[PDB]
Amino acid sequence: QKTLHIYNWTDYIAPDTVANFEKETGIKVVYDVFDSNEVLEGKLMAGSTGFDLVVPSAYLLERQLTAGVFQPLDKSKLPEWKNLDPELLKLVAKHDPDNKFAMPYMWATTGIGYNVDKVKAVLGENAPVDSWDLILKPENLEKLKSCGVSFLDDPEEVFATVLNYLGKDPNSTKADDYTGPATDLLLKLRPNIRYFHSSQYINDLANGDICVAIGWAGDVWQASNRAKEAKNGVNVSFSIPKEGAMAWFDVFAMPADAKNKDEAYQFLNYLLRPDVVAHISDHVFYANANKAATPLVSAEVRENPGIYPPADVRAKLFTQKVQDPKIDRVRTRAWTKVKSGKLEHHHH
């Protein structure tokens, strides 16, 4: 009896995907979840993860590729590899040259999830829901504070979006941009932010407890769908704002010390089946990287331009760059300062 260990993002598979695989193959799956690239990266770099498959973002795979923590994926054991969109593979290959290490899973953007009616109640019918002004202009956050504001607990995403909003390179390599203007804005916003968290905001949006969030697209569409299924009268939407936004791929990868490689390839090949991955997209509201699967994805998902954005929106999207250690230090320090920004100090 063989057992396959998988480590994936929360809210990123259909409820029955694993059970269906277990029934088909007789392999027992131990499925665990994370909501942060930082948590996964730490485990990959500290020692053995004990996992057979993990799901980093592509830029994280790129950041640690030369550290040797992943092993190359034997495409002879992935007969359905051909189902992946070959043009999307060329884009992922910027992170994974010649697609040696990573299987593209889903693609999306980092934007604003919001309660349509509460935002309009607080900011008016002309609330700037097509703009980062909705959540990064202090005058707006002051008005939204009590209906609840959340930011992702992701320093790379948050600093990049703030830098872009301030008219800087979202991937600036200038330390002063982080310690100066980006920190200045974040500290002005901080008193109005209820929490920094990368997964609680889904149910909080769905239930009406948070009115604006920095969020990942499909997470927000899941919140919208949860509210609809609950018949709770809450209207959640998502915006890829006009100033641009981060875009990203998440990918499956195999840790270099994986125990059960054969079973892992069986699971990857299962995910390459068009019906399997389209069913996932239908439940998690994320675009997959499987060309063969597209016709099977629900119309509600395929036709949503916040899931599959058109070319004029894609032209405004940017990709996360891996930063040098000095920028990493200054960004991480600034993040800790921002998150602790409400605490009282006694040094004056």
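Residues carry their position along the shown sequence, with the first being 1.
Mean C-alpha B-factor is higher over 125-133 than over the other stretch, the pair under comparison being 125-133 and 88-96. In this crystal structure, the stretch out of 294-302 and 49-57 whose C-alpha atoms carry the higher mean B factor is 294-302. When the Cα B-factors of 226, 197, 273, 120 are read from the PDB record, 120 comes out highest. In the PDB entry, residue 4 places in the middle third of its chain by CA B-factor. Placement of the Cα temperature factor of residue 281 within the chain: lowest third of the modelled residues, per the deposited record. Compared with the other modelled residues of the chain, the Cα B-factor recorded for residue 16 ranks in the highest third. Ranked within its chain, residue 66 lands in the highest third, by CA B factor from the PDB record.
Annotation for residue 25: C-alpha temperature factor in the highest third relative to the rest of the modelled chain, per the entry.
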